[PDB]
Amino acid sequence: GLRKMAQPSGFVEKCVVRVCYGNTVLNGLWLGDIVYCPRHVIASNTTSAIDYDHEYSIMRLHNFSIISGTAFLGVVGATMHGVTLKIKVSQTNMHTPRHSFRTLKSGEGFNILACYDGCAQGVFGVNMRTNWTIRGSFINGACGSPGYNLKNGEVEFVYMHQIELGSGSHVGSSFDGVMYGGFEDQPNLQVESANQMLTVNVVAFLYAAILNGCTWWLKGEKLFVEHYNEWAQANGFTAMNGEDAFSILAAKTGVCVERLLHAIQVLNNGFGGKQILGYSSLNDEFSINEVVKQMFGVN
């Protein structure tokens, strides 16, 4: 079958801490001797526009409390970097994993460790959508929850949770302190752009259906990538690219991309009660990488 999976969370869980500042609690990420967390933790009043330079100048280090498991950490300094704080603590996290920082591109998959009061509660896989929001599941207290990927024996930290938009979509920042999509960490309504279905993930899904033997939707007609891309601009799908990446899948099946792009056009009107790998409409959750790892064990 095909299940949306998270990569294991163990390396990340040892780094999550609780960050208290005055009348606000949220989550931080403890790496080396730095704790990363959203800068709005220091905002005393969030019922009007937040002047972060003012909040920063009145900040006093003795109002911080940072808790790892049951241990308090000594706070030594704190600097502001975009929409994040970098808090210097007197102790090094001896469980700091091998890691780097990376900024997600449009459509890329990653993992969210949903944390509360400095303790992890759930983990799930998710895609950065073309409108720079994610479909998460967060309630109050989740700010500072980290997003990550495991690659080559290294943790890549990619997302720090920040805000929930009026529509229910979730916005975070990189650990550089740049908010995805340019959203503001301000208490006021902001509207995101319309979402686009990720065409390359729908193609990979349809290959998966072929390999699992679900072929009823498959015809023999081809739709040229260029003709599809004009249709996608008018129907809320991203353009097609990287057809060469689908070599692996096209070989094992003997079906070409341009036949599936035809199918994408047809199946956008509904599955008519039929179900493809157990879904009743097109799914853009799965990348080529995931299909290929889950079906064949090849990275």
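Residue indices: 1-based, along the sequence shown.
**Q** Do the CA atoms of 127-135 or those of 140-148 have the higher mean B-factor in the entry?
**A** Higher mean C-alpha B-factor in the PDB entry: 127-135.
**Q** Please work out which of 7-15 and 277-285 has the higher mean CA B-factor as recorded in the PDB entry.
**A** Looking at the record's C-alpha B-factors, the answer is 277-285.
**Q** I'd like to know which of 43, 245, 29, 67 has the highest C-alpha temperature factor in the PDB entry.
**A** Of 43, 245, 29, 67, 245 has the highest C-alpha B-factor.
**Q** Between 262, 54, 39, 60, which carries the biggest CA temperature factor in the record?
**A** Going by the entry's C-alpha B-factors, 262 comes out highest.
**Q** Determine, from the deposited record, the chain-internal third of the Cα B-factor for residue 117: lowest, middle or highest.
**A** Its C-alpha B-factor, which the entry lists for residue 117, ranks in the lowest third among residues of this chain.
**Q** Among the chain's modelled residues, which third holds the C-alpha B-factor of residue 72?
**A** Middle third, going by the recorded CA B-factors of the chain.
**Q** Sorting by Cα B-factor within the chain, modelled residues only, which third would residue 178 end up in: lowest, middle or highest?
**A** For residue 178, whose C-alpha B-factor we compare with every modelled residue in the chain, the answer is the lowest third.
**Q** Could you tell me which third, lowest, middle or highest, the C-alpha B-factor of residue 210 occupies within its chain?
**A** Highest third, going by the recorded CA B-factors of the chain.
**Q** Sort the modelled residues of this chain by their C-alpha B factor and say whether residue 80 lands in the lowest, middle or highest third.
**A** According to the entry, residue 80 has a C-alpha B-factor in the chain's lowest third.
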